[PDB]
Ligand SMILES: CC(=O)Nc1cccc(-c2cc(C)[n+]([O-])c3ccccc23)c1
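Numbering (the entry's author numbering), first residue to last: 42 to 168.
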């Protein structure tokens with residue numbers, strides 16, 4: 042019923058790059074999803090205490106959210122675009138794993154995921 046530590050957003054010994062694909066993930070992908078009317082539940086880690094979801098972290102063992110993604114991108118946490126893509130996909134998947142079809146939160150995730158897919162379809166070739 043308690044919250045875990047959040048995911049890492051800083052690790053000085055993890056090697057880092059700033060690639061055109063990662064820049065796109067920040068300037069296009071994250072910015073597009075973040076501004077969306079359905080972004081708010083996904084803008085920070087799930088607070089299973091305040092939301093009274095005492096089983097959330099019993100079920101979701103790889104938590105991820107756009108707050109975490111945003112910090113990762115802004116602090117050049119990643120080596121490659123696939124790492125970041127995997128974070129978005131983890132976020133969507135968790136939502137679908139925890140919730141039931143047609144729950145509001147699932148429709149919200151689906152709307153963001155549609156946009157995500159459209160933006161990833163035009164990830165630029167590496168420079
Ligand atoms: C800090 C925090 O947890 N905010 C928040 C606000 C509203 C909804 C959610 C939320 C977010 C997510 C990802 N899921 O799956 C939920 C499931 C059931 C109830 C609520 C949620 C999170």
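No residue lacks a Cβ here, since even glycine has one placed at the ideal position from N, Cα and C.
Leaving out the 5 sequence neighbours to the left and right, which residues in its chain are closer than 8 Å to residue 135 when beta-carbon positions are compared? As a working mapping, residue 135 is identified with position 94 in the chain shown. Excluding sequence neighbours, residue 135 sits near 101, 103, 104 and 105.
Going by other Cβ atoms of all chains shown within 10 Å of its Cβ, with 16 needed for buried, is residue 43 buried or exposed? By one-based count along the chain shown, residue 43 stands at place 2. The residue is exposed, with fewer than 16 neighbouring Cβ atoms inside 10 Å.
Roughly how many angstroms lie between the CA atoms of residue 137 and residue 99, to the nearest whole one? Along the chain shown, read from residue 1 onward, the residue named residue 137 stands at position 96. Along the chain shown, read from residue 1 onward, the residue named residue 99 stands at position 58. Cα atoms of residue 137 and residue 99: separation of roughly 15 Å, rounded to the nearest angstrom.
What is the rounded straight-line gap between the Cα of residue 149 and the Cα of residue 87? Here residue 149 refers to the residue found at position 108 of the chain shown. Here residue 87 refers to the residue found at position 46 of the chain shown. Each residue's Cα considered, the two are about 15 Å apart.
Going by beta-carbon coordinates alone, are residue 61 and residue 167 separated by less than 8 Å? To locate residue 61, count along the chain shown from 1; it is residue 20. To locate residue 167, count along the chain shown from 1; it is residue 126. The answer is yes: Cβ separation under 8 Å.
With burial defined as no fewer than 16 other Cβ atoms inside 10 Å of the residue's Cβ, what is the status of residue 200: buried or exposed? One cannot answer for residue 200 here, as it falls past the ends of the chain, which runs 42 to 168.
Helix, strand or coil: which one does DSSP assign to residue 109? Reading the chain shown from its first residue, position 68 is the one you call residue 109. Note: residue 109 maps to helix in three-state DSSP.
Using the Cα positions of residue 132 and residue 95, report the straight-line distance between them to the nearest angstrom. Locating residue 132 in the chain shown gives position 91, counting from the first residue. Locating residue 95 in the chain shown gives position 54, counting from the first residue. Residue 132 and residue 95 have their C-alpha atoms some 19 Å from each other.
Can we count residue 157 as close to ligand 1, meaning its CB is less than 7 Å from some heavy atom? On the chain shown, position 116 is the one that residue 157 refers to. Annotation for residue 157 indicates a beta carbon at 7 Å or more from all heavy atoms of ligand 1.
Looking only at C-alpha atoms, which of 73, 107 and 122 sits nearest to residue 48? For the purposes of this step, residue 48 is identified with residue 7 of the chain shown, where counting begins at 1. For the set 73, 107 and 122, the Cα lying nearest the Cα of residue 48 is the one of 107.
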